[PDB]
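Visitor: Before anything else, here's the structure in question.
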Protein chains: 2
Amino acid sequence: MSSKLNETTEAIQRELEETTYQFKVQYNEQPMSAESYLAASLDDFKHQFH
Amino acid sequence: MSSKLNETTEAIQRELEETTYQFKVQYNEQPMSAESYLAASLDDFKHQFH
């Protein structure tokens, strides 16, 4: 395990880097949660109703 | 006290009625709570901001 550890670690760093790059280019690193989505959509609906 | 209890009770029912009448003519019996006021005003502000 200790022998495989270093190379596995470097590979994990690789896949973290690429997941981060996609998070930068496609979503512009915008934080997202379910509650934020619900609240924003509810207000859009309320403006429409007004 | 027990003697006055009956007449006082009836009078209390009556003034409950008159408080209700003022509630009818001047506020149209519109129910009001602090939370309702706050929520409505917040949405008005959000419409203004939109």
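Going by the structure tokens order, chains are called A, B, ..., each with residues numbered from 1, while ligands are numbered from 1 in the order shown.
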Counting only C-alpha atoms, collect the residues of chain B whose closest atom lies at most 12 Å from chain A, and write them out as a list in words.
Guide: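 Close to chain A, chain B has residues 40, 42, 43, 44, 45, 46, 47, 48, 49 and 50 of chain B.
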Visitor: Please give the root-mean-square deviation of the Cα atoms once chain A has been least-squares fitted onto chain B, pairing every Cα in order.
Guide: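 The superposed chains show a C-alpha RMSD of 0.8 Å.
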Visitor: Just asking: which residues within chain A are helix (DSSP H, G or I) according to DSSP, as a PDB file with N, CA and C atoms, in the first residue's frame?
Guide:
ATOM      1  N   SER A   2       1.839   1.298   0.893  1.00  0.00           N
ATOM      2  CA  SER A   2       2.718   2.464   0.980  1.00  0.00           C
ATOM      3  C   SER A   2       3.430   2.703  -0.343  1.00  0.00           C
ATOM      4  N   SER A   3       3.822   1.633  -1.037  1.00  0.00           N
ATOM      5  CA  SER A   3       4.475   1.802  -2.338  1.00  0.00           C
ATOM      6  C   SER A   3       3.507   2.425  -3.347  1.00  0.00           C
ATOM      7  N   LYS A   4       2.308   1.861  -3.481  1.00  0.00           N
ATOM      8  CA  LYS A   4       1.356   2.411  -4.438  1.00  0.00           C
ATOM      9  C   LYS A   4       0.869   3.803  -4.044  1.00  0.00           C
ATOM     10  N   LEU A   5       1.101   4.209  -2.787  1.00  0.00           N
ATOM     11  CA  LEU A   5       0.513   5.433  -2.236  1.00  0.00           C
ATOM     12  C   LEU A   5       0.928   6.668  -3.005  1.00  0.00           C
ATOM     13  N   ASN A   6       2.216   6.793  -3.335  1.00  0.00           N
ATOM     14  CA  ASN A   6       2.691   8.034  -3.939  1.00  0.00           C
ATOM     15  C   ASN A   6       2.064   8.243  -5.308  1.00  0.00           C
ATOM     16  N   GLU A   7       2.120   7.227  -6.172  1.00  0.00           N
ATOM     17  CA  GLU A   7       1.578   7.366  -7.509  1.00  0.00           C
ATOM     18  C   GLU A   7       0.060   7.536  -7.476  1.00  0.00           C
ATOM     19  N   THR A   8      -0.629   6.784  -6.611  1.00  0.00           N
ATOM     20  CA  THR A   8      -2.067   7.005  -6.464  1.00  0.00           C
ATOM     21  C   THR A   8      -2.330   8.445  -6.067  1.00  0.00           C
ATOM     22  N   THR A   9      -1.521   8.986  -5.151  1.00  0.00           N
ATOM     23  CA  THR A   9      -1.694  10.366  -4.715  1.00  0.00           C
ATOM     24  C   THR A   9      -1.545  11.337  -5.878  1.00  0.00           C
ATOM     25  N   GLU A  10      -0.507  11.169  -6.683  1.00  0.00           N
ATOM     26  CA  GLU A  10      -0.315  12.065  -7.820  1.00  0.00           C
ATOM     27  C   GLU A  10      -1.510  11.982  -8.778  1.00  0.00           C
ATOM     28  N   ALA A  11      -2.018  10.777  -9.018  1.00  0.00           N
ATOM     29  CA  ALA A  11      -3.176  10.622  -9.915  1.00  0.00           C
ATOM     30  C   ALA A  11      -4.414  11.301  -9.339  1.00  0.00           C
ATOM     31  N   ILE A  12      -4.632  11.182  -8.031  1.00  0.00           N
ATOM     32  CA  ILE A  12      -5.761  11.850  -7.401  1.00  0.00           C
ATOM     33  C   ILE A  12      -5.630  13.359  -7.545  1.00  0.00           C
ATOM     34  N   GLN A  13      -4.409  13.870  -7.385  1.00  0.00           N
ATOM     35  CA  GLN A  13      -4.183  15.289  -7.628  1.00  0.00           C
ATOM     36  C   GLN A  13      -4.548  15.654  -9.071  1.00  0.00           C
ATOM     37  N   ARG A  14      -4.262  14.748 -10.018  1.00  0.00           N
ATOM     38  CA  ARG A  14      -4.624  15.002 -11.416  1.00  0.00           C
ATOM     39  C   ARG A  14      -6.138  15.120 -11.589  1.00  0.00           C
ATOM     40  N   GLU A  15      -6.877  14.146 -11.060  1.00  0.00           N
ATOM     41  CA  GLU A  15      -8.318  14.152 -11.271  1.00  0.00           C
ATOM     42  C   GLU A  15      -8.992  15.293 -10.510  1.00  0.00           C
ATOM     43  N   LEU A  16      -8.415  15.702  -9.370  1.00  0.00           N
ATOM     44  CA  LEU A  16      -8.910  16.904  -8.710  1.00  0.00           C
ATOM     45  C   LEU A  16      -8.664  18.146  -9.563  1.00  0.00           C
ATOM     46  N   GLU A  17      -7.481  18.238 -10.173  1.00  0.00           N
ATOM     47  CA  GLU A  17      -7.197  19.381 -11.038  1.00  0.00           C
ATOM     48  C   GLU A  17      -8.201  19.480 -12.184  1.00  0.00           C
ATOM     49  N   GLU A  18      -8.502  18.365 -12.849  1.00  0.00           N
ATOM     50  CA  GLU A  18      -9.412  18.431 -13.987  1.00  0.00           C
ATOM     51  C   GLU A  18     -10.842  18.722 -13.559  1.00  0.00           C
ATOM     52  N   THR A  19     -11.311  18.108 -12.461  1.00  0.00           N
ATOM     53  CA  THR A  19     -12.637  18.454 -11.937  1.00  0.00           C
ATOM     54  C   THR A  19     -12.706  19.963 -11.625  1.00  0.00           C
ATOM     55  N   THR A  20     -11.626  20.513 -11.077  1.00  0.00           N
ATOM     56  CA  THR A  20     -11.601  21.959 -10.803  1.00  0.00           C
ATOM     57  C   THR A  20     -11.630  22.783 -12.089  1.00  0.00           C
ATOM     58  N   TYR A  21     -10.887  22.353 -13.126  1.00  0.00           N
ATOM     59  CA  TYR A  21     -10.869  23.098 -14.393  1.00  0.00           C
ATOM     60  C   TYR A  21     -12.256  23.157 -15.015  1.00  0.00           C
ATOM     61  N   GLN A  22     -12.956  22.022 -15.057  1.00  0.00           N
ATOM     62  CA  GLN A  22     -14.322  22.023 -15.567  1.00  0.00           C
ATOM     63  C   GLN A  22     -15.229  22.926 -14.736  1.00  0.00           C
ATOM     64  N   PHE A  23     -15.028  22.935 -13.409  1.00  0.00           N
ATOM     65  CA  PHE A  23     -15.790  23.839 -12.569  1.00  0.00           C
ATOM     66  C   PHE A  23     -15.493  25.304 -12.905  1.00  0.00           C
ATOM     67  N   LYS A  24     -14.288  25.608 -13.391  1.00  0.00           N
ATOM     68  CA  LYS A  24     -13.967  26.983 -13.742  1.00  0.00           C
ATOM     69  C   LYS A  24     -14.532  27.388 -15.105  1.00  0.00           C
ATOM     70  N   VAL A  25     -14.305  26.559 -16.129  1.00  0.00           N
ATOM     71  CA  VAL A  25     -14.663  26.956 -17.497  1.00  0.00           C
ATOM     72  C   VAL A  25     -16.175  26.880 -17.726  1.00  0.00           C
ATOM     73  N   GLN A  26     -16.855  25.885 -17.149  1.00  0.00           N
ATOM     74  CA  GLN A  26     -18.271  25.729 -17.510  1.00  0.00           C
ATOM     75  C   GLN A  26     -19.263  26.395 -16.556  1.00  0.00           C
ATOM     76  N   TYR A  27     -18.978  26.446 -15.244  1.00  0.00           N
ATOM     77  CA  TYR A  27     -19.874  27.129 -14.305  1.00  0.00           C
ATOM     78  C   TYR A  27     -19.277  28.392 -13.690  1.00  0.00           C
ATOM     79  N   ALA A  34     -29.266  23.846  -3.156  1.00  0.00           N
ATOM     80  CA  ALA A  34     -30.677  23.672  -3.433  1.00  0.00           C
ATOM     81  C   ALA A  34     -31.505  24.851  -2.936  1.00  0.00           C
ATOM     82  N   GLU A  35     -31.220  25.325  -1.716  1.00  0.00           N
ATOM     83  CA  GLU A  35     -32.008  26.426  -1.166  1.00  0.00           C
ATOM     84  C   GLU A  35     -31.864  27.688  -2.007  1.00  0.00           C
ATOM     85  N   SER A  36     -30.649  27.973  -2.500  1.00  0.00           N
ATOM     86  CA  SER A  36     -30.446  29.138  -3.344  1.00  0.00           C
ATOM     87  C   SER A  36     -31.252  29.041  -4.630  1.00  0.00           C
ATOM     88  N   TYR A  37     -31.234  27.862  -5.264  1.00  0.00           N
ATOM     89  CA  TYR A  37     -32.030  27.647  -6.468  1.00  0.00           C
ATOM     90  C   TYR A  37     -33.517  27.877  -6.189  1.00  0.00           C
ATOM     91  N   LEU A  38     -34.043  27.253  -5.127  1.00  0.00           N
ATOM     92  CA  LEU A  38     -35.464  27.403  -4.806  1.00  0.00           C
ATOM     93  C   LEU A  38     -35.844  28.854  -4.551  1.00  0.00           C
ATOM     94  N   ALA A  39     -35.042  29.564  -3.754  1.00  0.00           N
ATOM     95  CA  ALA A  39     -35.387  30.942  -3.424  1.00  0.00           C
ATOM     96  C   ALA A  39     -35.364  31.831  -4.675  1.00  0.00           C
ATOM     97  N   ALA A  40     -34.353  31.666  -5.525  1.00  0.00           N
ATOM     98  CA  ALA A  40     -34.262  32.492  -6.732  1.00  0.00           C
ATOM     99  C   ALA A  40     -35.447  32.238  -7.649  1.00  0.00           C
ATOM    100  N   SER A  41     -35.795  30.969  -7.849  1.00  0.00           N
ATOM    101  CA  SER A  41     -36.933  30.664  -8.701  1.00  0.00           C
ATOM    102  C   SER A  41     -38.239  31.174  -8.100  1.00  0.00           C
ATOM    103  N   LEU A  42     -38.387  31.089  -6.767  1.00  0.00           N
ATOM    104  CA  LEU A  42     -39.612  31.607  -6.141  1.00  0.00           C
ATOM    105  C   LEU A  42     -39.753  33.103  -6.369  1.00  0.00           C
ATOM    106  N   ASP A  43     -38.657  33.848  -6.278  1.00  0.00           N
ATOM    107  CA  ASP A  43     -38.734  35.281  -6.505  1.00  0.00           C
ATOM    108  C   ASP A  43     -39.014  35.618  -7.963  1.00  0.00           C
ATOM    109  N   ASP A  44     -38.416  34.874  -8.892  1.00  0.00           N
ATOM    110  CA  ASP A  44     -38.762  35.073 -10.294  1.00  0.00           C
ATOM    111  C   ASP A  44     -40.264  34.898 -10.495  1.00  0.00           C
ATOM    112  N   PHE A  45     -40.831  33.848  -9.897  1.00  0.00           N
ATOM    113  CA  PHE A  45     -42.270  33.629 -10.002  1.00  0.00           C
ATOM    114  C   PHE A  45     -43.058  34.774  -9.376  1.00  0.00           C
ATOM    115  N   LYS A  46     -42.595  35.301  -8.237  1.00  0.00           N
ATOM    116  CA  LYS A  46     -43.328  36.369  -7.576  1.00  0.00           C
ATOM    117  C   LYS A  46     -43.292  37.655  -8.384  1.00  0.00           C
ATOM    118  N   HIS A  47     -42.169  37.933  -9.047  1.00  0.00           N
ATOM    119  CA  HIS A  47     -42.112  39.091  -9.937  1.00  0.00           C
ATOM    120  C   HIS A  47     -43.074  38.927 -11.105  1.00  0.00           C
ATOM    121  N   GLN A  48     -43.111  37.726 -11.683  1.00  0.00           N
ATOM    122  CA  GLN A  48     -44.069  37.449 -12.748  1.00  0.00           C
ATOM    123  C   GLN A  48     -45.502  37.689 -12.283  1.00  0.00           C
ATOM    124  N   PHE A  49     -45.836  37.201 -11.084  1.00  0.00           N
ATOM    125  CA  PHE A  49     -47.184  37.377 -10.537  1.00  0.00           C
ATOM    126  C   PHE A  49     -47.505  38.842 -10.274  1.00  0.00           C
TER     127      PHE A  49
END
